Undergrad: 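For reference, the structure I am asking about is given below.
Lettering follows sequence order; numbering is per chain, from 1.
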Amino acid sequence: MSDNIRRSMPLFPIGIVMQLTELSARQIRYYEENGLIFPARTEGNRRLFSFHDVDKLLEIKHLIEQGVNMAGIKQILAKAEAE
Amino acid sequence: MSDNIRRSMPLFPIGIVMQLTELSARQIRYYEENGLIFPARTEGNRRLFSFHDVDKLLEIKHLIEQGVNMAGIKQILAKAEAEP
DNA sequence: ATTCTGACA
DNA sequence: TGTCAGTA
């Protein structure tokens with residue numbers, strides 16, 4: 001689908017992503033290091049997130065607020081990719 | 001489908017369940033405190049688990065071993081029960 | 001013997 | 001969660 005390719009185009013910088021998700025750059029990096037999201041990189045090596053990335057990050061923020069731990073986050077996001 | 005009635009049928013007590021799921025009574029009862037399971041009761045308030053409860057209990061064990069906490073499991077089971 | 005609820009040297 | 005307690 002042209003949709004999935006659109007939802008995957010990397011274009012969002014860490015700056016807005018932090019404002020919207022309310023996550024620290026540190027946390028964002030952490031979820032990336034755990035394979036939860038996959039932000040490509042520019043020429044300046046700056047991170048560029050995709051819509052699916054930001055969408056998942058908003059979900060991570062939400063699960064955190066509900067008390068879900070890292071293990072939970074992983075299971076859920078994984079079972080979402082399998083849906 | 002006279003199977004569901006048999007699966008939702010109270011047959012074994014906490015002690016047998018422990019043997020079928022390798023879960024302690026503390027754990028088994030604890031998951032109940034979180035609304036994860038709804039075991040039927042007898043006249044003596046003794047829990048009688050059905051086949052459905054044991055299955056739903058094996059699921060919890062899998063996640064529990066995966067490091068998922070109660071909040072995580074509530075979140076997971078909540079969806080796995082509304083989709084199918 | 002077996003399970004139950006509450007509680008924490 | 002373990003576990004000891006005091007029952008039912």
Undergrad: Rounded to whole Å, how long is the line connecting atom CD of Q27(B) with atom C1' of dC4(C)?
TA: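 The answer, rounded to whole Å, is 17 Å.
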Undergrad: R41(B) side chain to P39(B) main-chain N or O, any donor-acceptor pair under 3.5 Å?
TA: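 No, the answer is negative, given that no donor and acceptor are paired below the 3.5 Å cut-off.
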Undergrad: Which nucleotide in the set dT5(C), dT1(D), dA8(D) lies at the smallest distance from any side-chain heavy atom of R46(B)?
TA: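 Nucleotide nearest to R46(B)'s side chain: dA8(D).
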Undergrad: Take the protein atom CD1 of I64(B) and the nucleotide atom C1' of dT1(D), then report the distance between them rounded to whole Å.
TA: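 Between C1' of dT1(D) and CD1 of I64(B): 11 Å.
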Undergrad: Would you say the base of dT3(D) and the side-chain of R26(B) have a donor-acceptor pair closer than 3.5 Å?
TA: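 Such a pair exists between side chain and base.
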Undergrad: Answer yes when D55(B) and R7(B) have at least one side-chain N-carboxylate O distance shorter than 4.0 Å, and no when they do not.
TA: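 Salt bridge flag = yes for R7(B) with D55(B).
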Undergrad: Cationic tip of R26(A) within the cone over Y30(A)'s six-membered ring, i.e. under 6.0 Å and within 45° of the normal?
TA: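 That pair qualifies as a cation-pi contact.
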Undergrad: Measure CD/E65(B) against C1'/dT1(D) and give the value in whole Å, please.
TA: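 Rounded to whole Å, this separation is 15 Å.
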Undergrad: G44(B) near the nucleic acid: base, sugar-phosphate alone, or nothing, with a heavy-atom cut-off under 4.0 Å?
TA: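 Contact class for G44(B): none.
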Undergrad: Under the criterion side-chain contact (heavy atoms from CB on, under 4.5 Å), which of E59(A), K74(A), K56(A) is the partner of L36(A)?
TA: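 It is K74(A); the other options fail the test.
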Undergrad: Please report, rounded to the nearest Å, how far the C1' atom of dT1(D) is from the CG atom of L23(B).
TA: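 After rounding, the reported distance stands at 12 Å.
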Undergrad: Could you check whether atom CZ of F12(A) has more than 12 heavy atoms from other residues, nucleotides or ligands sitting under 6.0 Å from it?
TA: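 Result for CZ/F12(A): enclosed.
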Undergrad: In whole angstrom, give the distance that lies between atom CD1 of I28(B) and atom P of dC4(C).
TA: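 Taking CD1 of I28(B) and P of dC4(C), I get 10 Å after rounding.
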Undergrad: Without decimals, in angstroms, what is the distance between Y30(B) OH and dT3(C) P?
TA: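 Spelled out: OH on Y30(B) to P on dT3(C) is 22 Å.
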Undergrad: Taking only side-chain N and O atoms of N45(B), does any of them lie within less than 4.0 angstrom of OP1 or OP2 on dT5(C)?
TA: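 Indeed, a polar side-chain atom of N45(B) lies that close.
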Undergrad: Please give the stem ranges for DNA chain D, sorted by first residue number, where a stem is three or more consecutive Watson-Crick or G-U pairs and both donor-acceptor distances are under 3.5 Å.
TA: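 In DNA chain D, stems of three or more pairs: C:4-8 with D:2-6.
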Undergrad: Is a salt bridge present between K79(A) and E83(A), judged by a nitrogen-to-oxygen distance below 4.0 Å?
TA: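 Result for this pair is no, no salt bridge flagged.
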Undergrad: May I ask you to say what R29(B) touches in the nucleic acid, namely base, sugar-phosphate or nothing, with a heavy-atom cut-off under 4.0 Å?
TA: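 Base contact - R29(B) has a heavy atom under 4.0 Å of at least one base atom.
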Undergrad: CG of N4(A): more than 12 outside heavy atoms within 6.0 angstrom?
TA: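 Counting neighbours around CG of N4(A), 12 or fewer heavy atoms of other residues, nucleotides or ligands fall under 6.0 Å, so no.
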Undergrad: In this structure, how many angstroms lie between the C1' atom of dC4(C) and the CG atom of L48(B), rounded?
TA: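 So the two atoms are 13 Å apart, to the nearest Å.
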Undergrad: Whole angstrom is fine here: how far is it from CD in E43(B) over to P in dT7(D)?
TA: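 From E43(B) CD to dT7(D) P: 23 Å.
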